[PDB]
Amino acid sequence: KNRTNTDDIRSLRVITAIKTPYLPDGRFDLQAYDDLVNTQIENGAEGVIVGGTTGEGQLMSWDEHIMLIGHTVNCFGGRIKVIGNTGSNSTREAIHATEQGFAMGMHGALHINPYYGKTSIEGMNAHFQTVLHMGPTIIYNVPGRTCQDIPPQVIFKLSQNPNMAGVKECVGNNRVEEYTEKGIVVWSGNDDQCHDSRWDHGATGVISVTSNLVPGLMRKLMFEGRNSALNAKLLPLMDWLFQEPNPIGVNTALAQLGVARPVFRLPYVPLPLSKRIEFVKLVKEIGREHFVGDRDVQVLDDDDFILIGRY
């Protein structure tokens, strides 16, 4: 019913938080975006978050956001689950974005707790209750960005709603175990923990940044059983990706791989030259064929980069 739709989200192991690429004037580069999503599908990504933090949703106008979701459903909705990031620190915005995203056929919603303008436990519950009934929902707990832990009592209460698909959890393995042991579906939101969460702590899978770069490896990591060697091989890449706040790393890497133009909407700027040289090295160690795109990786010069505040 609504049951089957929620179940469809719950069964996904590899969800890519897809990067939004830009044209030199700062508008969406839909061609490059379409290529990224095709690559994700071809390498076994089962879902995509559209316009999340990795996708710089907070930098979009609301129409762009609604357009990108609609676009993703229309082009790829039969080949991958499309999960719109329709959350907000404003309940009103979360309501409208969520209903519009479902009306347009997205398969689920990702909902963060109100950040910056944080609220009480009662308010957080009230917030989630306005959107939980609209369709399959992933609750996103990322206290390092929201500055407010979504406590277990909120998660467990929400999980009585059949539309609550599960949790993107970033607090760690202990918090993951706490939920999975009670049968709540958890996706790890931390690339560098998702192997252990998957195989040691009952996590269903990952909502991933790293899969933007190496979707095949991330798929292996989530499906083919424990593999501490593969996990260790990815760690330097993951450390490189998160040395500045996401999505600064993935934006830089995808430019370097030639699959997105070197165009940044502020307030994001690329990793400096020395870090770009590091990246070339990491690609060589892991093998360029494992990374998205066909073009030889480039370091890029500082002045290849376009930084835009007005677009």
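Quick note: we count residues from 1 along the sequence shown, nothing fancier.
- The PDB entry records a higher mean C-alpha B factor for 230 to 238 than for its counterpart among 101 to 109 and 230 to 238.
- The stretch 299 to 307 shows the higher mean C-alpha B-factor when 7 to 15 is compared against 299 to 307 in the entry.
- The deposited CA B-factor of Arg79 belongs to the middle third of values across its chain.
- Sort the chain's modelled residues by C-alpha temperature factor and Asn246 lands in the lowest third, per the entry.
- Residue-level temperature factors show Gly202 in the lowest third of its chain, judged at the C-alpha atom.
- Ranked within its chain, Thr210 lands in the lowest third, by CA B factor from the PDB record.
- In the PDB entry, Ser120 places in the middle third of its chain by CA B-factor.
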